[PDB]
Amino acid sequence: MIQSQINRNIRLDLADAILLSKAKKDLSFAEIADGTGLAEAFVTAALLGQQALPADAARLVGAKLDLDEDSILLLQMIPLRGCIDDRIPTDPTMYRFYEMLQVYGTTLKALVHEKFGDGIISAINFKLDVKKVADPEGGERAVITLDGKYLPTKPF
């Protein structure tokens, strides 16, 4: 609750171990998150080193993955966040989300200031979820919802 990391490599190393154990057990993130009470994106993010799990969720997911005591502890620590290796993703799947920022980043800024005003949409007071929908033209689409609080800049 008050313990925090200053070096992302410890939690990212743990994430690698979790993913191998996860693959050996043929688990999905959905089922690791099941029974946790937390959204699959939050639990996934914690496993990947970017969130802290409450001790209860940490023990549960720890049991599904056969994690030792130190690992379960580590998952509860407030991480040094930052999942991109070197600022810009190389992975195509992650790059596409960077690309939407290169295409729509100033549009998001302009529409945030138009609809809300001066300030930010929070990445902290924030939820995300990923939804699969059919494409009427065929195939499938991802509907990803970014739900952040508006925080105004206020003069003083």
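Numbers follow the displayed sequence, beginning with 1.
Practice task
Please work out which of 113 to 121 and 57 to 65 has the higher mean CA B-factor as recorded in the PDB entry.
Solution key: Mean B over CA atoms: larger for 57 to 65.
Problem - 42 to 50 or 66 to 74, whichever carries the higher mean Cα B-factor - result: Stretch with the higher mean C-alpha B-factor: 66 to 74.
Problem - Maximum C-alpha temperature factor, selected from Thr36, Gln102, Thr107, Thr90 - result: The record points to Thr36.
Practice task
Select lowest, middle or highest to describe the third in which the CA B-factor of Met94 falls within its chain in this entry.
Solution key: Lowest third, going by the recorded CA B-factors of the chain.
Practice task
Can you work out whether the C-alpha temperature factor of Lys149 puts it in the lowest, middle or highest third of the chain?
Solution key: Middle third.
Exercise for the section: Pull the Cα B-factor of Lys25 out of the PDB entry and bin it into the chain's lowest, middle or highest third. Expected result: Ranked within chain, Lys25 CA B lands in the highest tercile.
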